[PDB]
Amino acid sequence: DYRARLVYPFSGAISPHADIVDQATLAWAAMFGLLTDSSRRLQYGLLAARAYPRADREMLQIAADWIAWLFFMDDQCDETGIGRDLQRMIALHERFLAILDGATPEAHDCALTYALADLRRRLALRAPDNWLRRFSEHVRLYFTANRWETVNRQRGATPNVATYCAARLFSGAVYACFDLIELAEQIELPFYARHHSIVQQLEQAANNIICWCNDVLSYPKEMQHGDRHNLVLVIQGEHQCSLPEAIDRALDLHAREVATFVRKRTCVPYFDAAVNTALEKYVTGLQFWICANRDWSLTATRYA
Amino acid sequence: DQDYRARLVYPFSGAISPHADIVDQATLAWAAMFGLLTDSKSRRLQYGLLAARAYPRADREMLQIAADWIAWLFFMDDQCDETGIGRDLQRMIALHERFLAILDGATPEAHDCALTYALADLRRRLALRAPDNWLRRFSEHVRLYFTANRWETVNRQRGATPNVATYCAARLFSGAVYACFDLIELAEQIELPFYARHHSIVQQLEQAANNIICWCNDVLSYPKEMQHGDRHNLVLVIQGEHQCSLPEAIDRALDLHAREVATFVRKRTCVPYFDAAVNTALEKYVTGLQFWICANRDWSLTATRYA
Ligand SMILES: CC(C)=CCC/C(C)=C/CC/C(C)=C/CSP(=O)(O)OP(=O)(O)O
Ligand SMILES: CC(C)=CCC/C(C)=C/CC/C(C)=C/CSP(=O)(O)OP(=O)(O)O
Ligand SMILES: [Mg+2]
Ligand SMILES: [Mg+2]
Ligand SMILES: [Mg+2]
Ligand SMILES: [Mg+2]
Ligand SMILES: [Mg+2]
Ligand SMILES: [Mg+2]
């Protein structure tokens, strides 16, 4: 059993609002008409609960509804035709990007555009102008990464390990989720601290772990759809090796990346007591996400 | 004197655009038209000759925007560093609300000042040469530059001095170097994919190049910044933290500069192979960072600003 190797030298936590938030995410998905096929156990609110465990219910609900939105958007890209049609996806992302800027939805817009607009409207009530910009960009880059994956599928091109790993950092909107840690913990990190190279390298490390963990768990389902945007499948193509060896290599990178994150957590320079207090809350927020992603995915029927 | 020149060397060469002089004369004409020129050596500014060195392969239309942009930063910085607005957070937030609005595409009004009109002209001209995604990335780096200037204003107003770690982290934005680095894409006419543009090794090369440029400037600009009682300078910050002599601080400042050049060269060889086309485009961008490192050094020793 190779899944037992997805381990960390730290533990996670879950919000006491977990179930109340998850049932509210289902009501939210139903309201904006995101529920279509079949849908008893999605439990997208139970991932948010683990990801932002100290968050007040109102903020955790936005995060939960946001995580839900991403899963609905991802399933469309990876298991339907739009993920092989760039023209359709460009037309869709033009509407999303307009909604991110604060444009009101119109009669011709789809359910996902309406849903994103509500999340943007709600984030606007709880986040300052400077935060929305940083969120917009990370989400804008998330769309760009999906258009890139769409082109690869449409042109039948598989990227090398170097290219995939670089693109995979944006293709999961992990940086956009890490932004919500600021609102969840209610911290105002100053520009110099927020964008410091060590914080970036901690974010990059945390992002890789989360994504490479998911790649090990979701390779079977992505393989059946012929979607090779997966560390295991990209490694297999590059090294022309067996699937067990490809999994073994992916887990070696995961293990090495956990070590890097732990090593680099101690390399944060001292700015002042107040700023460093806020940073450890954010860096704790990263660790919560690392665990939240692994804890949920092993129990979730999605990778069964 | 020679001790400085031997420690401000780089293992790579710079270059200058053949359009240098007409671009500089046009920048002086542009500045005068928008009323950015103060009554006082107006021909001995040469803001165009920095741009020419910074973006040497750029077409004349593109280089001119960059030259007018560099001129704009210089006029703006002199306000924050050598006038009363840099000791008043209230007036600066009011001004910075107008700039950020102009960057979002807002038309200037009657009550707006010269710099607001000048920035609106640059955004309009950049909108004709750069796509939507580029303008966003430029706006952010310029927005963070404004925030960094507001943070210095607070430090001056309270009479507080940051430690080496705080200054070095904040100095990366106070220069608007990332905003200047964005123009390399338009200058070299390259389309770097998201994954290559925002890659960690590329980010490390940028902040390495940013540190070299800013720490080089600090070594040459501590005399005139000391006169205004401003300790936003690696030399003066190291002196404050260590409580050492001014020669010792300069030595420590040039040590960091020297090791950062060594880092940049080491990081340059660590860029992974994506594909022929992307690596070629990225090769042109990283060369652009080397041109900027030399441009800042070559110009500042040449210029009258630091004398
Ligand atoms: C899915 C998504 C964009 C957001 C919600 C899921 C979250 C927040 C999990 C963290 C790891 C990420 C971002 C991978 C999902 S993309 P994938 O195509 O690998 O997803 P899959 O393996 O099908 O679950
Ligand atoms: C004016 C400006 C922000 C940019 C022009 C110079 C450029 C583009 C080079 C990169 C390093 C910078 C910007 C430092 C000057 S800020 P400072 O207050 O230290 O300025 P000074 O040293 O007095 O020239
Ligand atoms: Mg996907
Ligand atoms: Mg998927
Ligand atoms: Mg997956
Ligand atoms: Mg300054
Ligand atoms: Mg100055
Ligand atoms: Mg200086």
# chains A, B, ... in the order shown; residues from 1 in each chain; ligands from 1
>>> select_by_dssp(residues="range 139-290 of chain A", states="alpha helix (DSSP H)", output="PyMOL selection string")
chain A and resi 139-155+161-168+174-185+191-194+197-224+231-239+243-265+273-290
>>> residues_around(residues="range 96-106 of chain A", least_positions_apart="6", cutoff="12 Å", atoms="only C-alpha atoms", output="PDB file with N, CA and C atoms, in the first residue's frame")
ATOM      1  N   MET A  73     -16.071  23.487 -11.495  1.00  0.00           N
ATOM      2  CA  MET A  73     -15.333  24.043 -12.660  1.00  0.00           C
ATOM      3  C   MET A  73     -14.297  23.022 -13.150  1.00  0.00           C
ATOM      4  N   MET A  89     -13.705  27.994 -23.903  1.00  0.00           N
ATOM      5  CA  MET A  89     -13.070  28.277 -22.587  1.00  0.00           C
ATOM      6  C   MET A  89     -12.623  29.744 -22.526  1.00  0.00           C
ATOM      7  N   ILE A  90     -12.097  30.289 -23.630  1.00  0.00           N
ATOM      8  CA  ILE A  90     -11.696  31.725 -23.754  1.00  0.00           C
ATOM      9  C   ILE A  90     -12.940  32.600 -23.545  1.00  0.00           C
ATOM     10  N   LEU A 112     -22.019  28.949 -13.414  1.00  0.00           N
ATOM     11  CA  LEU A 112     -20.661  29.120 -12.824  1.00  0.00           C
ATOM     12  C   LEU A 112     -20.314  30.612 -12.737  1.00  0.00           C
ATOM     13  N   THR A 113     -20.640  31.399 -13.766  1.00  0.00           N
ATOM     14  CA  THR A 113     -20.387  32.866 -13.801  1.00  0.00           C
ATOM     15  C   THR A 113     -21.204  33.549 -12.697  1.00  0.00           C
ATOM     16  N   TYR A 114     -22.491  33.203 -12.576  1.00  0.00           N
ATOM     17  CA  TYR A 114     -23.417  33.710 -11.528  1.00  0.00           C
ATOM     18  C   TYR A 114     -22.862  33.375 -10.137  1.00  0.00           C
ATOM     19  N   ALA A 115     -22.391  32.135  -9.957  1.00  0.00           N
ATOM     20  CA  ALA A 115     -21.848  31.599  -8.685  1.00  0.00           C
ATOM     21  C   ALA A 115     -20.585  32.375  -8.289  1.00  0.00           C
ATOM     22  N   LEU A 116     -19.646  32.539  -9.228  1.00  0.00           N
ATOM     23  CA  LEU A 116     -18.361  33.260  -9.018  1.00  0.00           C
ATOM     24  C   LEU A 116     -18.648  34.705  -8.588  1.00  0.00           C
ATOM     25  N   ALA A 117     -19.636  35.351  -9.220  1.00  0.00           N
ATOM     26  CA  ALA A 117     -20.061  36.744  -8.942  1.00  0.00           C
ATOM     27  C   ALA A 117     -20.480  36.884  -7.472  1.00  0.00           C
ATOM     28  N   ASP A 118     -21.195  35.889  -6.935  1.00  0.00           N
ATOM     29  CA  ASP A 118     -21.691  35.875  -5.532  1.00  0.00           C
ATOM     30  C   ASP A 118     -20.505  35.760  -4.565  1.00  0.00           C
ATOM     31  N   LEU A 119     -19.535  34.892  -4.875  1.00  0.00           N
ATOM     32  CA  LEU A 119     -18.294  34.698  -4.073  1.00  0.00           C
ATOM     33  C   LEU A 119     -17.497  36.009  -4.051  1.00  0.00           C
ATOM     34  N   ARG A 120     -17.375  36.672  -5.208  1.00  0.00           N
ATOM     35  CA  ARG A 120     -16.658  37.966  -5.380  1.00  0.00           C
ATOM     36  C   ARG A 120     -17.366  39.049  -4.554  1.00  0.00           C
ATOM     37  N   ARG A 121     -18.697  39.121  -4.660  1.00  0.00           N
ATOM     38  CA  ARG A 121     -19.569  40.066  -3.909  1.00  0.00           C
ATOM     39  C   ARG A 121     -19.381  39.860  -2.400  1.00  0.00           C
ATOM     40  N   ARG A 122     -19.283  38.603  -1.955  1.00  0.00           N
ATOM     41  CA  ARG A 122     -19.181  38.223  -0.519  1.00  0.00           C
ATOM     42  C   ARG A 122     -17.760  38.494  -0.010  1.00  0.00           C
ATOM     43  N   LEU A 123     -16.739  38.150  -0.802  1.00  0.00           N
ATOM     44  CA  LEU A 123     -15.310  38.424  -0.482  1.00  0.00           C
ATOM     45  C   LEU A 123     -15.093  39.939  -0.364  1.00  0.00           C
ATOM     46  N   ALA A 124     -15.772  40.729  -1.203  1.00  0.00           N
ATOM     47  CA  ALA A 124     -15.700  42.210  -1.238  1.00  0.00           C
ATOM     48  C   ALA A 124     -16.176  42.805   0.094  1.00  0.00           C
ATOM     49  N   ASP A 129      -9.580  46.333  -0.722  1.00  0.00           N
ATOM     50  CA  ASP A 129      -9.315  46.516  -2.176  1.00  0.00           C
ATOM     51  C   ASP A 129      -8.003  45.817  -2.562  1.00  0.00           C
ATOM     52  N   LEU A 132      -8.387  41.818  -2.781  1.00  0.00           N
ATOM     53  CA  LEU A 132      -9.203  41.395  -3.953  1.00  0.00           C
ATOM     54  C   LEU A 132      -8.311  41.307  -5.198  1.00  0.00           C
ATOM     55  N   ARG A 133      -7.459  42.316  -5.416  1.00  0.00           N
ATOM     56  CA  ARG A 133      -6.487  42.377  -6.543  1.00  0.00           C
ATOM     57  C   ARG A 133      -5.597  41.129  -6.519  1.00  0.00           C
ATOM     58  N   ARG A 134      -4.997  40.826  -5.363  1.00  0.00           N
ATOM     59  CA  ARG A 134      -4.067  39.678  -5.176  1.00  0.00           C
ATOM     60  C   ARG A 134      -4.824  38.363  -5.402  1.00  0.00           C
ATOM     61  N   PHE A 135      -6.096  38.294  -4.995  1.00  0.00           N
ATOM     62  CA  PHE A 135      -6.985  37.118  -5.197  1.00  0.00           C
ATOM     63  C   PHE A 135      -7.336  36.994  -6.687  1.00  0.00           C
ATOM     64  N   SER A 136      -7.779  38.094  -7.311  1.00  0.00           N
ATOM     65  CA  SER A 136      -8.152  38.170  -8.752  1.00  0.00           C
ATOM     66  C   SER A 136      -7.034  37.579  -9.617  1.00  0.00           C
ATOM     67  N   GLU A 137      -5.784  37.984  -9.361  1.00  0.00           N
ATOM     68  CA  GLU A 137      -4.580  37.611 -10.157  1.00  0.00           C
ATOM     69  C   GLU A 137      -4.321  36.104 -10.050  1.00  0.00           C
ATOM     70  N   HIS A 138      -4.349  35.556  -8.831  1.00  0.00           N
ATOM     71  CA  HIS A 138      -4.120  34.113  -8.542  1.00  0.00           C
ATOM     72  C   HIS A 138      -5.219  33.266  -9.199  1.00  0.00           C
ATOM     73  N   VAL A 139      -6.453  33.783  -9.243  1.00  0.00           N
ATOM     74  CA  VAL A 139      -7.628  33.130  -9.898  1.00  0.00           C
ATOM     75  C   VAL A 139      -7.526  33.328 -11.417  1.00  0.00           C
ATOM     76  N   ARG A 140      -7.081  34.506 -11.870  1.00  0.00           N
ATOM     77  CA  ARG A 140      -6.846  34.811 -13.309  1.00  0.00           C
ATOM     78  C   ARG A 140      -5.809  33.822 -13.859  1.00  0.00           C
ATOM     79  N   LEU A 141      -4.727  33.593 -13.106  1.00  0.00           N
ATOM     80  CA  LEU A 141      -3.634  32.644 -13.454  1.00  0.00           C
ATOM     81  C   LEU A 141      -4.148  31.199 -13.404  1.00  0.00           C
ATOM     82  N   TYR A 142      -5.198  30.949 -12.610  1.00  0.00           N
ATOM     83  CA  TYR A 142      -5.819  29.603 -12.488  1.00  0.00           C
ATOM     84  C   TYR A 142      -6.502  29.274 -13.816  1.00  0.00           C
ATOM     85  N   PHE A 143      -7.204  30.256 -14.366  1.00  0.00           N
ATOM     86  CA  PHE A 143      -7.909  30.146 -15.670  1.00  0.00           C
ATOM     87  C   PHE A 143      -6.887  29.961 -16.794  1.00  0.00           C
ATOM     88  N   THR A 144      -5.845  30.800 -16.814  1.00  0.00           N
ATOM     89  CA  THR A 144      -4.719  30.747 -17.787  1.00  0.00           C
ATOM     90  C   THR A 144      -4.131  29.330 -17.807  1.00  0.00           C
TER      91      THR A 144
ATOM     92  N   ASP B 104      -6.350  51.931 -13.281  1.00  0.00           N
ATOM     93  CA  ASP B 104      -7.576  51.135 -13.567  1.00  0.00           C
ATOM     94  C   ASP B 104      -8.255  51.654 -14.842  1.00  0.00           C
ATOM     95  N   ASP B 132      -4.022  43.062 -21.769  1.00  0.00           N
ATOM     96  CA  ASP B 132      -4.743  43.213 -20.475  1.00  0.00           C
ATOM     97  C   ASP B 132      -3.923  42.598 -19.334  1.00  0.00           C
ATOM     98  N   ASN B 133      -3.419  41.373 -19.523  1.00  0.00           N
ATOM     99  CA  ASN B 133      -2.741  40.573 -18.466  1.00  0.00           C
ATOM    100  C   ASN B 133      -1.457  41.293 -18.027  1.00  0.00           C
ATOM    101  N   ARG B 136      -2.197  44.514 -15.741  1.00  0.00           N
ATOM    102  CA  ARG B 136      -2.536  44.042 -14.370  1.00  0.00           C
ATOM    103  C   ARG B 136      -1.243  43.821 -13.576  1.00  0.00           C
TER     104      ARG B 136
END
>>> residues_near_ligand(ligand="ligand 1", cutoff="6 Å", atoms="only C-alpha atoms and all ligand atoms", output="list in words")
residues 67, 70, 71, 74, 172, 173, 174, 210, 211, 214, 218 and 293 of chain A
>>> residues_near_ligand(ligand="ligand 8", cutoff="8 Å", atoms="only C-alpha atoms and all ligand atoms", output="number ranges by chain")
B: 214-215, 217-222, 225, 232-233
>>> residues_near_ligand(ligand="ligand 2", cutoff="6 Å", atoms="only C-alpha atoms and all ligand atoms", output="number ranges by chain")
B: 70, 73-74, 77, 175-177, 213-214, 217, 221, 296
>>> interface_residues(of="chain B", to="chain A", cutoff="8 Å", atoms="only C-alpha atoms", output="MDAnalysis selection string")
chainID B and resid 136 140 144 147:148 163 165:166 169:170 173 194:196 199:200 204 272:274
>>> write_last_selection(atoms="N, CA and C atoms", output="PDB file, in the first residue's frame")
ATOM      1  N   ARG B 136      -2.197  44.514 -15.741  1.00  0.00           N
ATOM      2  CA  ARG B 136      -2.536  44.042 -14.370  1.00  0.00           C
ATOM      3  C   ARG B 136      -1.243  43.821 -13.576  1.00  0.00           C
ATOM      4  N   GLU B 140       0.071  46.181 -10.303  1.00  0.00           N
ATOM      5  CA  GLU B 140       0.375  45.567  -8.980  1.00  0.00           C
ATOM      6  C   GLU B 140       1.754  46.036  -8.498  1.00  0.00           C
ATOM      7  N   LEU B 144       2.344  48.416  -5.363  1.00  0.00           N
ATOM      8  CA  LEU B 144       3.234  48.004  -4.242  1.00  0.00           C
ATOM      9  C   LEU B 144       4.339  49.050  -4.045  1.00  0.00           C
ATOM     10  N   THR B 147       2.674  51.781  -2.048  1.00  0.00           N
ATOM     11  CA  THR B 147       2.552  51.247  -0.663  1.00  0.00           C
ATOM     12  C   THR B 147       3.903  51.370   0.054  1.00  0.00           C
ATOM     13  N   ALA B 148       5.002  51.032  -0.630  1.00  0.00           N
ATOM     14  CA  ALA B 148       6.388  51.085  -0.102  1.00  0.00           C
ATOM     15  C   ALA B 148       6.774  52.534   0.223  1.00  0.00           C
ATOM     16  N   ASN B 163      15.238  47.516  10.673  1.00  0.00           N
ATOM     17  CA  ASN B 163      16.426  46.620  10.724  1.00  0.00           C
ATOM     18  C   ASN B 163      16.781  46.188   9.295  1.00  0.00           C
ATOM     19  N   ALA B 165      16.903  43.281   7.783  1.00  0.00           N
ATOM     20  CA  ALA B 165      15.946  42.283   7.245  1.00  0.00           C
ATOM     21  C   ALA B 165      14.684  42.984   6.724  1.00  0.00           C
ATOM     22  N   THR B 166      14.163  43.957   7.480  1.00  0.00           N
ATOM     23  CA  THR B 166      12.929  44.727   7.157  1.00  0.00           C
ATOM     24  C   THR B 166      13.184  45.627   5.942  1.00  0.00           C
ATOM     25  N   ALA B 169      13.830  43.692   2.523  1.00  0.00           N
ATOM     26  CA  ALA B 169      12.527  43.127   2.099  1.00  0.00           C
ATOM     27  C   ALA B 169      11.659  44.223   1.469  1.00  0.00           C
ATOM     28  N   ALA B 170      11.640  45.416   2.075  1.00  0.00           N
ATOM     29  CA  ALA B 170      10.813  46.576   1.662  1.00  0.00           C
ATOM     30  C   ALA B 170      11.465  47.312   0.482  1.00  0.00           C
ATOM     31  N   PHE B 173      10.583  46.933  -3.374  1.00  0.00           N
ATOM     32  CA  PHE B 173       9.331  47.547  -3.894  1.00  0.00           C
ATOM     33  C   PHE B 173       9.458  49.075  -3.979  1.00  0.00           C
ATOM     34  N   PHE B 194       2.757  31.822 -18.272  1.00  0.00           N
ATOM     35  CA  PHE B 194       2.511  31.982 -16.812  1.00  0.00           C
ATOM     36  C   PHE B 194       3.517  31.163 -15.989  1.00  0.00           C
ATOM     37  N   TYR B 195       3.722  29.888 -16.344  1.00  0.00           N
ATOM     38  CA  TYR B 195       4.522  28.904 -15.564  1.00  0.00           C
ATOM     39  C   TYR B 195       6.010  29.278 -15.606  1.00  0.00           C
ATOM     40  N   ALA B 196       6.474  29.844 -16.725  1.00  0.00           N
ATOM     41  CA  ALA B 196       7.872  30.292 -16.934  1.00  0.00           C
ATOM     42  C   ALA B 196       8.075  31.665 -16.283  1.00  0.00           C
ATOM     43  N   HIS B 199       8.025  31.416 -12.386  1.00  0.00           N
ATOM     44  CA  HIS B 199       8.870  30.298 -11.883  1.00  0.00           C
ATOM     45  C   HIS B 199       9.781  30.810 -10.759  1.00  0.00           C
ATOM     46  N   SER B 200      10.027  29.977  -9.742  1.00  0.00           N
ATOM     47  CA  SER B 200      10.775  30.325  -8.504  1.00  0.00           C
ATOM     48  C   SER B 200      12.191  30.808  -8.847  1.00  0.00           C
ATOM     49  N   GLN B 204      13.678  34.391  -8.210  1.00  0.00           N
ATOM     50  CA  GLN B 204      14.947  34.499  -7.440  1.00  0.00           C
ATOM     51  C   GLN B 204      15.954  35.348  -8.229  1.00  0.00           C
ATOM     52  N   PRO B 272      15.410  25.463 -15.412  1.00  0.00           N
ATOM     53  CA  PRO B 272      15.122  24.172 -16.040  1.00  0.00           C
ATOM     54  C   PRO B 272      14.716  24.327 -17.513  1.00  0.00           C
ATOM     55  N   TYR B 273      14.876  23.260 -18.302  1.00  0.00           N
ATOM     56  CA  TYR B 273      14.544  23.207 -19.751  1.00  0.00           C
ATOM     57  C   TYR B 273      13.051  22.900 -19.920  1.00  0.00           C
ATOM     58  N   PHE B 274      12.264  23.913 -20.299  1.00  0.00           N
ATOM     59  CA  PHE B 274      10.815  23.795 -20.614  1.00  0.00           C
ATOM     60  C   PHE B 274      10.666  23.310 -22.061  1.00  0.00           C
TER      61      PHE B 274
END
>>> atom_distance(atom1="CA of residue 98 in chain B", atom2="CA of residue 72 in chain B")
15.2 Å
>>> residues_near_ligand(ligand="ligand 5", cutoff="12 Å", atoms="only C-alpha atoms and all ligand atoms", output="PyMOL selection string")
chain A and resi 71+74-75+77-79+168+171-172+210-223+225+227-233+293+297+302-303
>>> write_last_selection(atoms="N, CA, C and O atoms", output="compact mmCIF listing (two decimals), in the first residue's frame")
# COMPACT_ATOMS: atom_id res chain seq x y z
N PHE A 71 -14.34 22.77 -7.71
CA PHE A 71 -14.54 21.33 -8.00
C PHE A 71 -15.52 21.17 -9.16
O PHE A 71 -15.33 20.30 -9.99
N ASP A 74 -13.65 22.32 -12.23
CA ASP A 74 -12.58 21.35 -12.57
C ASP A 74 -13.15 20.13 -13.28
O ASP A 74 -12.50 19.63 -14.19
N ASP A 75 -14.28 19.62 -12.80
CA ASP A 75 -14.96 18.42 -13.36
C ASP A 75 -15.38 18.70 -14.81
O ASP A 75 -15.24 17.79 -15.64
N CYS A 77 -13.85 20.86 -16.91
CA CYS A 77 -12.56 20.92 -17.66
C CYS A 77 -11.99 19.51 -17.88
O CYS A 77 -11.38 19.29 -18.94
N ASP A 78 -12.14 18.61 -16.91
CA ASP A 78 -11.41 17.32 -16.96
C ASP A 78 -12.26 16.13 -17.41
O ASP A 78 -11.67 15.11 -17.75
N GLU A 79 -13.57 16.25 -17.38
CA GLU A 79 -14.47 15.11 -17.72
C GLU A 79 -15.57 15.50 -18.71
O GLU A 79 -16.51 14.69 -18.88
N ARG A 168 1.57 23.35 -12.76
CA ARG A 168 0.72 22.70 -11.73
C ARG A 168 0.50 23.59 -10.50
O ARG A 168 -0.49 23.39 -9.82
N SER A 171 -2.51 25.62 -11.66
CA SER A 171 -3.62 24.80 -12.22
C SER A 171 -4.54 24.23 -11.14
O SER A 171 -5.48 23.52 -11.51
N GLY A 172 -4.28 24.55 -9.87
CA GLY A 172 -5.11 24.04 -8.77
C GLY A 172 -5.66 25.18 -7.96
O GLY A 172 -6.34 24.90 -7.00
N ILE A 210 0.76 19.61 -1.69
CA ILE A 210 -0.71 19.50 -1.87
C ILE A 210 -1.04 18.91 -3.25
O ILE A 210 -1.78 17.94 -3.28
N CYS A 211 -0.44 19.44 -4.32
CA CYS A 211 -0.72 19.05 -5.73
C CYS A 211 -0.16 17.66 -6.03
O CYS A 211 -0.86 16.87 -6.68
N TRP A 212 1.07 17.37 -5.59
CA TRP A 212 1.78 16.09 -5.86
C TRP A 212 1.11 14.96 -5.05
O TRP A 212 1.10 13.81 -5.55
N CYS A 213 0.56 15.28 -3.88
CA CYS A 213 -0.27 14.36 -3.05
C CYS A 213 -1.53 13.98 -3.84
O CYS A 213 -1.81 12.77 -3.96
N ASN A 214 -2.21 14.99 -4.36
CA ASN A 214 -3.42 14.81 -5.18
C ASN A 214 -3.06 14.01 -6.43
O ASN A 214 -3.89 13.23 -6.86
N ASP A 215 -1.89 14.22 -7.00
CA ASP A 215 -1.54 13.50 -8.25
C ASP A 215 -1.45 12.00 -7.98
O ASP A 215 -1.84 11.23 -8.83
N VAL A 216 -0.87 11.62 -6.85
CA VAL A 216 -0.69 10.20 -6.42
C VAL A 216 -2.07 9.56 -6.21
O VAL A 216 -2.22 8.37 -6.52
N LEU A 217 -3.04 10.33 -5.70
CA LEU A 217 -4.39 9.83 -5.33
C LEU A 217 -5.31 9.79 -6.56
O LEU A 217 -6.13 8.86 -6.62
N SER A 218 -5.19 10.77 -7.46
CA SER A 218 -6.13 10.96 -8.60
C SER A 218 -5.60 10.53 -9.96
O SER A 218 -6.22 10.86 -10.94
N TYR A 219 -4.51 9.80 -10.01
CA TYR A 219 -3.92 9.33 -11.29
C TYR A 219 -4.85 8.31 -11.96
O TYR A 219 -5.02 8.36 -13.17
N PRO A 220 -5.49 7.37 -11.22
CA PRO A 220 -6.34 6.35 -11.85
C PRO A 220 -7.54 6.94 -12.62
O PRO A 220 -7.79 6.51 -13.72
N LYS A 221 -8.20 7.91 -11.99
CA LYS A 221 -9.39 8.58 -12.55
C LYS A 221 -9.00 9.49 -13.71
O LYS A 221 -9.78 9.60 -14.66
N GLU A 222 -7.81 10.10 -13.65
CA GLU A 222 -7.34 11.02 -14.72
C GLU A 222 -6.81 10.19 -15.89
O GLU A 222 -6.92 10.63 -17.01
N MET A 223 -6.32 8.99 -15.60
CA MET A 223 -5.79 8.04 -16.62
C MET A 223 -6.94 7.56 -17.51
O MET A 223 -6.75 7.52 -18.75
N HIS A 225 -9.65 8.99 -18.27
CA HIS A 225 -10.09 10.14 -19.11
C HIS A 225 -9.00 10.53 -20.11
O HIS A 225 -9.25 11.45 -20.92
N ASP A 227 -6.14 11.97 -19.49
CA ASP A 227 -5.61 13.29 -19.07
C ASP A 227 -4.30 13.07 -18.30
O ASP A 227 -4.37 12.64 -17.13
N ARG A 228 -3.16 13.36 -18.93
CA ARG A 228 -1.80 13.04 -18.42
C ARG A 228 -1.22 14.23 -17.63
O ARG A 228 -0.02 14.18 -17.31
N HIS A 229 -2.04 15.23 -17.29
CA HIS A 229 -1.68 16.36 -16.39
C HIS A 229 -1.62 15.84 -14.94
O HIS A 229 -2.49 16.21 -14.13
N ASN A 230 -0.61 15.02 -14.67
CA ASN A 230 -0.42 14.34 -13.38
C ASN A 230 1.05 13.97 -13.22
O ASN A 230 1.56 13.27 -14.09
N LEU A 231 1.66 14.31 -12.08
CA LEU A 231 3.11 14.12 -11.80
C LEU A 231 3.51 12.67 -12.11
O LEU A 231 4.56 12.47 -12.74
N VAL A 232 2.69 11.70 -11.69
CA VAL A 232 2.93 10.24 -11.88
C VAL A 232 2.98 9.94 -13.39
O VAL A 232 3.93 9.27 -13.82
N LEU A 233 2.00 10.45 -14.15
CA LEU A 233 1.83 10.16 -15.60
C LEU A 233 2.88 10.92 -16.41
O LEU A 233 3.37 10.35 -17.40
N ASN A 293 -5.72 18.65 2.89
CA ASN A 293 -5.76 18.06 1.54
C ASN A 293 -5.59 16.55 1.60
O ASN A 293 -6.27 15.86 0.86
N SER A 297 -8.81 13.69 1.29
CA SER A 297 -8.69 12.97 0.00
C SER A 297 -8.67 11.45 0.22
O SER A 297 -9.19 10.73 -0.65
N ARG A 302 -14.23 10.48 -4.07
CA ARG A 302 -13.74 11.02 -5.36
C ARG A 302 -12.52 10.25 -5.88
O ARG A 302 -12.43 10.09 -7.08
N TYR A 303 -11.64 9.76 -5.00
CA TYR A 303 -10.41 9.07 -5.48
C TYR A 303 -10.47 7.59 -5.12
O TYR A 303 -9.42 6.95 -5.03
>>> residues_around(residues="residue 264 in chain A", least_positions_apart="3", cutoff="7 Å", atoms="only C-alpha atoms", output="list in words")
residues 198, 202, 260, 261 and 267 of chain A
>>> residues_around(residues="range 7-10 of chain A", least_positions_apart="6", cutoff="8 Å", atoms="only C-alpha atoms", output="list in words")
residues 258, 287 and 291 of chain A
>>> residues_around(residues="residue 36 in chain A", least_positions_apart="3", cutoff="12 Å", atoms="only C-alpha atoms", output="VMD selection string")
chain A and resid 29 to 30 32 to 33 39 72 75 to 76 111
>>> atom_distance(atom1="CA of residue 157 in chain B", atom2="CA of residue 86 in chain B")
8.2 Å
>>> residues_around(residues="residue 154 in chain B", least_positions_apart="6", cutoff="9 Å", atoms="only C-alpha atoms", output="PDB file with N, CA, C and O atoms, in the first residue's frame")
ATOM      1  N   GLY B  86       6.531  63.690   1.695  1.00  0.00           N
ATOM      2  CA  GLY B  86       7.173  62.465   2.210  1.00  0.00           C
ATOM      3  C   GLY B  86       7.235  62.427   3.729  1.00  0.00           C
ATOM      4  O   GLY B  86       7.771  61.437   4.263  1.00  0.00           O
ATOM      5  N   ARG B  87       6.726  63.466   4.402  1.00  0.00           N
ATOM      6  CA  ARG B  87       6.556  63.526   5.880  1.00  0.00           C
ATOM      7  C   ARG B  87       5.086  63.819   6.206  1.00  0.00           C
ATOM      8  O   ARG B  87       4.827  64.502   7.218  1.00  0.00           O
ATOM      9  N   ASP B  88       4.163  63.312   5.379  1.00  0.00           N
ATOM     10  CA  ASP B  88       2.694  63.504   5.529  1.00  0.00           C
ATOM     11  C   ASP B  88       1.968  62.353   4.818  1.00  0.00           C
ATOM     12  O   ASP B  88       1.883  62.385   3.572  1.00  0.00           O
ATOM     13  N   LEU B  89       1.469  61.380   5.586  1.00  0.00           N
ATOM     14  CA  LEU B  89       0.786  60.158   5.077  1.00  0.00           C
ATOM     15  C   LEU B  89      -0.595  60.523   4.515  1.00  0.00           C
ATOM     16  O   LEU B  89      -1.024  59.862   3.549  1.00  0.00           O
ATOM     17  N   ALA B 160      11.195  56.452  13.078  1.00  0.00           N
ATOM     18  CA  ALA B 160      11.568  55.032  13.277  1.00  0.00           C
ATOM     19  C   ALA B 160      12.488  54.577  12.138  1.00  0.00           C
ATOM     20  O   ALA B 160      12.332  55.089  11.011  1.00  0.00           O
TER      21      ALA B 160
END
>>> closest_residue(among="B:102, B:122, B:16, B:29", to="residue 65 in chain B", atoms="only C-alpha atoms")
B:122
